[PDB]
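**Q** Sharing a structure here in structure tokens format.
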Amino acid sequence: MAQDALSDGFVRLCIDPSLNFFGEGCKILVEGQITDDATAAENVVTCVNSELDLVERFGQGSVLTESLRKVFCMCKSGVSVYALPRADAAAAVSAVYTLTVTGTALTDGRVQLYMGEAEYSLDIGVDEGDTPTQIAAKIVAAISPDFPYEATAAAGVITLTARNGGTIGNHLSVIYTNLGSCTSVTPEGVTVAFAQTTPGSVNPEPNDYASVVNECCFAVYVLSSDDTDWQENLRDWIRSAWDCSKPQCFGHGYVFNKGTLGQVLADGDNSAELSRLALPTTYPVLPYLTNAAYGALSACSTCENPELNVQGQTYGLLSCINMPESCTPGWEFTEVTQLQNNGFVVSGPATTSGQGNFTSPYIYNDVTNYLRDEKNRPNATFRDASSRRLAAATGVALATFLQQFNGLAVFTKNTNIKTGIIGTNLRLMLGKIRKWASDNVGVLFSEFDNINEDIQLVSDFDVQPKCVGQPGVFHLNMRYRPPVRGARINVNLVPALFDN
Amino acid sequence: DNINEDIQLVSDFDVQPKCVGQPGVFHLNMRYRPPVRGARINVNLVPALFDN
Amino acid sequence: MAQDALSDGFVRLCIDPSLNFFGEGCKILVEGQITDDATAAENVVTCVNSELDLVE
Amino acid sequence: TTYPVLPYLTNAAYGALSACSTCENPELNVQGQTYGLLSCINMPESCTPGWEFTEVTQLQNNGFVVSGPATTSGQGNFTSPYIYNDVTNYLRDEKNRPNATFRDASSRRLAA
Amino acid sequence: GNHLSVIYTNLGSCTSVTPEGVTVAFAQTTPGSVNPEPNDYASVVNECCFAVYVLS
């Protein structure tokens, strides 16, 4: 039994509210810790298809699953997500914090605490007085399973210990939002204190990228760790992906650095391959969540066109992260200027107030840690990440163009081509290359300073000594500039008065 | 390279000793090269920044 | 493998913003005093490549 | 050692491509992603190439034909290989002198 | 025949749901020993022109 309009089988109808027409966007790789209850294989890259399989595959409340949660939040489409799970060192210890409640509530109301991120913050209320600290600590009825820490729920005071060992858990921050003036009435006589009691000690230091990411290409690398040694290994891998010794894969990596001004400036190892997210000691959010948000935002979820800058309050808004409002900005303006001038990406809140509501941050500058070329000359050639993106795009675009000369007859010495032959020579190849370069002014390039000096073609015979040059081998030199864009306006405002 | 040295033709009477050569027998020597074609291009790419 | 456009090995790409196309222009000699903390050999003509090797 | 395909199938495909479907004009080189694609062979994608680039360079410089896949990924889908260099095993000379007279397979066809 | 290779594509996670609890292992137990070595080309390919030879 069938239906008339469909019975003959000319139209074959399929109804599915879960199909996706989008093609396979670029690739992003996320690397972080896992836990024992994970079912994914250690030290092996895998593909992730949606939010839902986390925890089962990558463990409960582990760093990697939390990072992937933001990665899949900033990208509704146009990206492919890959994961590189890592395991904790066997000797690593877990950091410990104590949240000691005190007093005895004597007025009814609500108490709402901020923990790590807006998702892990909870609002819990009490409807009667005379509740001791024992009736307090009922918070555990609200703490989510995904919180990266475990609450002991002891006798009146709850202790917090990280799930993943090492220094990564050494960053939890707890804030009493309603302690100050607010429109929500807080129980009177309640005082909650937060303090640390033990740090982490050991972090894993894998050095095997050449075996797990051997040849597959990735666009953005996100590393959920704060260890300088691990970051240097990733930097070396990206160096390798760009070296001229063999065909290149390119790519750009994102890391963070938390500390005081004098400490953060000590991590500037002139890395053109890294964007370093400088954060202060008093930062109220888990750093790797912000790092993952920035990485996933810049990972072609916006950059389908490589020349776009991830800046400002529109194209650089990390809308997946929420932090409470505060008067203190985190960095002073002079500290911000120093960080920006030394090669660190600085973020800030989208609004300021003392009421303590939730706000999202954004990014002031999209910069790489590059400050000096290989001859130690300071310049801004690779100051912006868009410069690296454009260099990668130009390399591929130029490589595709030159393919037409592969297998084409080449005439040297006597350069007269007999009628009917299919071939070329140096002068005609140079003309075609110049024409292609000129056609691209406005897309890849800015106008050329002197096109007669920027592009040069020579044959291997002209270079090598007699009887050593190989036949059919050519050398090309090309110098170029990327397009310019508005950066700043300095305004002088002079209020006069009506006169004469 | 040099057509005058790359092709040479000689008769048998010129080569074999006297009274041993044969009539209507020739020796030809030819040297040639195959055609050349594009093989590789070495590209140096030197990014800069707008100045002056 | 790397990337499809660069995999076959016909085009071998090098990206280095510190390269120079200029040939060697003719030479100039600079003669003057040094100090005891310099690491250069006295009374020996040597080439200088950039402004930054100085002092030491 | 880790080649994931039956060795003789690749050899047969290469020979069939280089014999008739291409070389009725003897000066063509069976290389690249267009004129040297073995479209009748499919193998899963892999992050590992089988040969490191230095090994590839050594094999090429020692008179061996090397090949690789047309595309790379970790998902494991099917891809076809192609020939990097269409080269014979010729080195040295009948008088023991290194030269490249018969380096390319098209040289033999042109000589014939 | 000493060259067979068997690969489990969906051992790692993929868009195809591999049943859980299933594992397949592959190994060799006995190799080959002897191959033919004919030397009679002069009688079967006697003066007939072939452009390409394939040896499987």
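Residue numbers (the deposited numbering), protein chains in the order written: chain V, 1 to 500; chain Y, 449 to 500; chain S, 1 to 56; chain L, 281 to 392; chain P, 169 to 224.
Just so you know, even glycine gets a beta-carbon here, dropped at the ideal spot from N, CA and C.
Just the chain S side, please: which residues come within less than 8 angstroms of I489 (chain Y) by C-beta, in chain order?
**A** Simply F10, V11 and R12.
**Q** Note the first and the last residue of the continuous beta strand (DSSP E) segment covering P361 (chain V).
**A** Residues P361 to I363.
**Q** Run down chain P in chain order and give the residues with a C-beta less than 7 angstroms from the C-beta of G295 (chain L).
**A** Going along chain P in sequence order, the residues near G295 (chain L) (Cβ under 7 angstroms) are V220 and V222.
**Q** Three or more C-beta pairs under 8 angstroms: does that hold for the stretch 96-109 of chain V against the stretch 55-63 of chain V?
**A** Flag = no, the stretch 96-109 of chain V and the stretch 55-63 of chain V do not touch.
**Q** Would you mind stating whether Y315 (chain V) and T334 (chain V) have Cβ atoms separated by less than 8 angstroms?
**A** No, these two residues do not count as a Cβ contact at 8 angstroms.
**Q** Closest to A90 (chain V) by CA distance: which of V:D499, V:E205 and V:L279 is it?
**A** Minimum Cα distance to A90 (chain V) is reached at V:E205.
**Q** Interface residues of chain S around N500 (chain Y) at Cβ under 9 angstroms?
**A** Result: empty, since nearest Cβ-Cβ is about 17 angstroms, beyond 9 angstroms.
**Q** Buried or exposed, going by whether 16 or more other CB atoms sit within 10 Å of the CB of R57 (chain V)?
**A** Counting Cβ neighbours within 10 Å, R57 (chain V) comes out buried, since at least 16 surround it.
**Q** Please determine, among L:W331, L:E325, L:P287 and L:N309, the residue with the shortest C-alpha to C-alpha distance to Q355 (chain L).
**A** For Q355 (chain L), the nearest C-alpha among the options comes from L:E325.
**Q** In the DSSP assignment, what residue or residues form a beta bridge with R427 (chain V)?
**A** Looking at the DSSP assignment, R427 (chain V) forms no beta bridge with any residue, so it has no partner.
**Q** If we call anything under 8 angstroms between Cβ atoms a contact, is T412 (chain V) one with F344 (chain V)?
**A** Not closer than 8 angstroms, so no.
**Q** Cβ atoms of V396 (chain V) and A5 (chain S): under 8 angstroms apart, would you say?
**A** Contact flag set, yes.
**Q** Among P:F218, P:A195 and P:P199, which one has its Cα closest to the Cα of residue 131 (chain P)?
**A** Outside the modelled stretch of chain P, which goes from 169 to 224, sits residue 131 (chain P), for which no answer is possible.
**Q** With the cut-off set at 8 angstroms, would you say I422 (chain V) and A437 (chain V) are in Cβ contact?
**A** Going by C-beta atoms, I422 (chain V) is not nearer than 8 angstroms to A437 (chain V).
**Q** How is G23 (chain S) classed by DSSP in three states: helix, strand or coil?
**A** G23 (chain S) falls in the coil class under three-state DSSP.
**Q** Let me know the alpha helix (DSSP H) ranges lying completely inside the stretch 287-353 of chain V, each 4 residues or longer, listed in chain order.
**A** Complete alpha helix (DSSP H) runs here, min 4: 287-298 and 333-342.
**Q** Span of the beta strand (DSSP E) holding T394 (chain V)?
**A** First-last for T394 (chain V): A385 to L402, but that is the alpha helix (DSSP H), not the beta strand (DSSP E).
**Q** Verify whether the separation of the beta carbon atoms of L318 (chain V) and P361 (chain V) is less than 8 angstroms.
**A** Yes, Cβ-Cβ distance for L318 (chain V) and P361 (chain V) is below 8 angstroms.
**Q** Over what stretch of residues does the beta strand (DSSP E) that includes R86 (chain V) continue unbroken?
**A** Residues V79 to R86.
**Q** Apart from the five residues just before and just after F401 (chain V), which ones in its own chain have a Cβ nearer than 6 angstroms to its Cβ?
**A** Cβ within range, chain order: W436.
**Q** If I measure Cβ to Cβ from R235 (chain V) and keep anything under 8 angstroms in the same chain, skipping five residues before and after, which residues do I get?
**A** If we look at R235 (chain V) and ignore the five residues flanking it on each side, its Cβ neighbours are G253, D269, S271, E273 and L274.
**Q** Determine the direct distance from the alpha carbon of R427 (chain V) to that of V484 (chain Y), and round the result to whole angstroms.
**A** If I take the Cα positions, the gap works out to 17 angstroms.
**Q** When the distance is taken between beta carbons, is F250 (chain V) closer than 8 angstroms to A392 (chain V)?
**A** For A392 (chain V) and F250 (chain V), yes; Cβs fall inside 8 angstroms.
**Q** Under the three-state reduction of DSSP, which class applies to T131 (chain V): helix, strand or coil?
**A** Here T131 (chain V) sits in strand by DSSP.
**Q** Let's test the definition: count the other Cβ atoms within 10 Å of the Cβ of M1 (chain S) and tell me whether it reaches 16, buried, or not, exposed.
**A** So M1 (chain S) counts as buried.
**Q** Which residues in chain V have a C-beta closer than 8 angstroms to the C-beta of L6 (chain S)? List them in chain order.
**A** Result: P247, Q248, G395, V396 and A399.
**Q** For the stretch 321-350 of chain L, enumerate the residues whose C-beta is nearer than 8 angstroms to any C-beta of chain S, in chain order.
**A** Result list: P329, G348, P349 and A350.
**Q** Please report whether the beta-carbon of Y283 (chain L) lies at a distance below 8 angstroms from any beta-carbon of chain S.
**A** By this cut-off, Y283 (chain L) is not an interface position.
**Q** By how many angstroms is the C-alpha of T381 (chain L) removed from the C-alpha of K375 (chain L)?
**A** Cα-Cα distance, rounded: 13 angstroms.
**Q** Check distances from the C-beta atoms of the stretch 410-422 of chain V to those of chain Y and list, in chain order, the residues that come in under 9 angstroms.
**A** Those would be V410, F411 and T412, in chain order.
**Q** Quick one, which residues of the stretch 296-320 of chain L are near chain S if we go by CB-CB under 7 angstroms, in chain order?
**A** Residues passing the 7 angstroms Cβ filter: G312 and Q313.
**Q** Answer yes or no: does any C-beta atom of chain V fall closer than 8 angstroms to that of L52 (chain S)?
**A** Closer than 8 angstroms: yes.
**Q** Excluding five sequence neighbours on each side, which residues of the same chain lie with their C-beta closer than 7 angstroms to the C-beta of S446 (chain V)?
**A** Result list for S446 (chain V): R481, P482, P483 and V484, in chain order.
**Q** Please state the DSSP three-state secondary structure of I433 (chain V).
**A** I433 (chain V) falls in the helix class under three-state DSSP.
**Q** Using a Cβ-Cβ distance under 8 angstroms, would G189 (chain P) count as near chain V?
**A** So, not an interface residue.
**Q** Which word fits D8 (chain V), buried or exposed, when buried means at least 16 other C-beta atoms lie within 10 angstroms of its C-beta?
**A** So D8 (chain V) ends up on the exposed side.
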